[PDB]
Structures are given as C-alpha cells and as structure tokens.
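Next comes just one chain, in structure tokens: the form deposited in one PDB entry.
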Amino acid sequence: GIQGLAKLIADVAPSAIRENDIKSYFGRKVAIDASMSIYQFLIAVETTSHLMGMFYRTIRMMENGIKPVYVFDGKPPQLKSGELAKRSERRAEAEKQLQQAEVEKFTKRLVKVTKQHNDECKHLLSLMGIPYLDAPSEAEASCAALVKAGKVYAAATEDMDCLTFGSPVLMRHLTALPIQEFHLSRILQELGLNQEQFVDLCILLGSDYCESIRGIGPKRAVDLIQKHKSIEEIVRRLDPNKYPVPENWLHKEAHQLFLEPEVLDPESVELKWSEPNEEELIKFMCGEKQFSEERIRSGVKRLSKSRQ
C-alpha cells in the first residue's frame, strides 16, 4: 500500500471519495484482488477462514447483483536485474518492526497467503461458478487494467496502490459498513498532477517497492511534487546535509513498475458466471473441509437463486 494515501486524499481531495450502500450496485461487474481478499479473511477477528470468507462474502455480492471476477497474484515484480525479490522479504521487514513494539498492526503483516490457500480458493470459486484470472505479477495492477479496458466497473481491494497503478475506480470494503469508492480522475485534478507525478508522490509517501525520503512528510511531499513535478527535480535542489536521499534508491525502477506494470491481456478474458455445483460443493466444504452441511446447502441455494 501507499503510507497515508487514504488519509491524504480525505484532507486534500474529499470529493474523490464517496461512501455508498451495497444496494446501489445491482448489475455491476468488479475485479476483486483475490490475494489481498484472502489476506483480509485470514487476518480478521488448520484455519478455514479463507474458504469461509470466500464462500459467504461472494454469496453476499451475488445477492446484491454484483458480478465479481477474482484476480490472483503472479510472480512479484523485480526492480533490479541482479537480485531476486521475494514477497517474504516484506513479511521479514514486518517482523523487525513487530518485536520493537501498533503491535497488532505488524502482527497482521506477518500473515502469509499460502499455496494451499490459493488452490483451495480457486477450487471453491470453480465449484461456485465464479470466474477468476491469474495476473502475471501484482493482482492490484491487473485489477486496474481490467477497469481501464471497460471490462469491469471497479477494482475491489483494500490496497490503495491500485490507484497508483492507474485504476480509474477503486471500491473498498466490498468483502467486509458502506462501500468506499475512490475516483482517480478527481484525485489528479484536485492535486494538480498528472499520473506520472502522482506515481512520484506515492513513492515519497511510502510504497512497498522502495524507500521514501526521511524527513519529507506527506504535506511537504505534495508541495515538492506540485512545484518540481518529479523526484529527479526535487533531489537536484534539496540540501544534501538537511535531507539525504536513500543509499542505492530504486525510485526510478519503482516509477516504471507503477507506470508500465506487467498486467494480463483484458481482451484474452471472456468472463462467464455459471451455476454452482451443489453436489461437488457439499463434498468439498463438508466432506473434506468439515463445514456444516446445512450452512453450506443454504448458501448454495441463496447463490443459485441470485443468478435466476
């Protein structure tokens, strides 16, 4: 995510954020960041919470006429050609910050979406008749591309860096309370920045891909981006003794990653929603995952009715 982005937009561009009832979305298609959704199900208060949340939160969407397409993460982006970055390195950064102390905040970040979580959620979605795509890299980047192409109305994720990846519309809290909807065009207009400049502001705010300048906070960053437009222009004017830039700063590699990310082909995708398979759903959820037969049978019934 982008450190303090949702709070900064609430201060500078409040009219880009709108809170709406889930009843206002009947008939809409959304691209859900499945990796972040599974993560959110695992951290809420062996485990089957990933399947429980996937089954009941998807049935709720279908009961409110929302048609979801789940997008799963592929390989992590590589910023340098010499090194091999792994998503577990971010969880290692979260473990250092945890033992220092916001204690609960860093405890959530340790949680891994395992191989078994992804495969069992894709198995559940197939039985339910819900389509899913595998993104070549970040699912939030592919959710944004599906929106730009007009394939779906919005990207549904808790990840603010979906705006950084260019998603025109971002819906938050769909798998949780009203839906929080962000409009990128309105954000860019109120800040007086184009997408390239917004990506550099997000870098200075704090992203998962590189460091941000120590000493330059959120208000100072907006100002410096409004005046100088780029990070290369800001660094060439900062006092190197007052504000030293990070050593071996990957800000250029992070910028390219956000502007031209590796995304799925939206035209290769032919979205279909099909009838749930009740017999195979009971055998998997109850027979294999020890779920209550009556609670599953009831959910499948609500889901079948939602289509017809």
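Sequential numbering from 1, following the sequence displayed. By rigid core we mean the largest C-alpha set that fits within 1.5 Å across both forms.
Among other deposited entries of this protein with both flanking residues present, none omit coordinates for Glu260; it is modelled throughout, well short of a third.
Of the other entries compared for this protein that flank it with modelled residues, a third or more give no atoms for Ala85. Going from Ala85 to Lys86, the model skips none of the deposited residues; the chain is continuous there. A summary of the deposited B-factors shows that, of 28-36 and 276-284, the stretch with the larger mean C-alpha value is 276-284.
Stretches 104-112 and 185-193 differ in mean CA B factor, with 104-112 having the higher one.
Looking at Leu124, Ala145, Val235, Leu204, the one whose CA carries the top B-factor in the deposited record is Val235. Considering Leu163, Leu177, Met171, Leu133 together, the PDB entry gives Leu177 the largest C-alpha B factor. Sorting the modelled residues of the chain by their CA temperature factor places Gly215 in the highest third.
Among the modelled residues of its chain, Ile59 has a C-alpha B-factor that falls in the middle third, as given in the PDB entry. Ranked within its chain, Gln99 lands in the highest third, by CA B factor from the PDB record. Ranked against the other modelled residues of its chain, the C-alpha B-factor of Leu5 as given in the entry falls in the lowest third. Ranked by C-alpha B-factor against the other modelled residues of its chain, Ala254 falls in the lowest third.
From this point on, the text means the form deposited in another entry, which you will not see here.
In a rigid core superposition between the shown form and the other one, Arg91 is the single residue of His123, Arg91, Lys75, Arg220 whose Cα is displaced by 2 Å or more. After superposition on the rigid core, displacement of the C-alpha of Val111 between the shown form and the other one amounts to 2 Å or more. Compared with the form shown here, the Cα atoms of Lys86 and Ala145 move at least 3 Å farther apart in that other deposited form. Note: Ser207-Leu84 Cα separation is 3 Å or more shorter in that other deposited form than here.
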